[PDB]
Amino acid sequence: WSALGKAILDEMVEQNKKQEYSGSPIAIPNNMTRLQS
Amino acid sequence: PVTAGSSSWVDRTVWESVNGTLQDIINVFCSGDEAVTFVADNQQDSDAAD
């Protein structure tokens, strides 16, 4: 029962991760520097 | 400024060359107290040159 519950919780937390900020490249780090160009 | 985070610092280069040429230009023509001075080829028309 513990193994099954752990697997279910793992599936749930993984589902919560695949709906995060995924739909985009991880490159081109943002440039939120300042108002001074 | 395509974007705020870019901070697109412009490089004023055309202005630089413009000034570098204009300084020499003025040092060529306007350097002398006078602008030009006519010159003739004979003495019969030299009284009018000056």
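None of the figures in this text is laboratory data; all of them are computed from the coordinates on show. Note that each Cβ is placed from the backbone with ideal geometry, even for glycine, and that neighbours are counted across all protein chains shown.
Miscellaneous remarks
- Top-ranked residue of the range A:4-37 - restricted to ones that are β-branched (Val, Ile, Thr) and more than 14 Å from chain B (Cβ to nearest Cβ), ranked as nearest to B:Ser7 (Cα to Cα): A:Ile26
- The range B:28-47, subset part of a loop (DSSP other than H, G, I, E, B) and among the hydrophobic types (A, V, I, L, M, F, W, C), residue surrounded by the most Cβ atoms within 10 Å (Cβ to Cβ): B:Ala40
- Residue check, B:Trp9 exposed (fewer than 10 other Cβ atoms within 10 Å of the Cβ) and either outside any loop (DSSP other than H, G, I, E, B) or in contact (Cβ under 8 Å) with a residue 12 or more places away in the chain (or both): no
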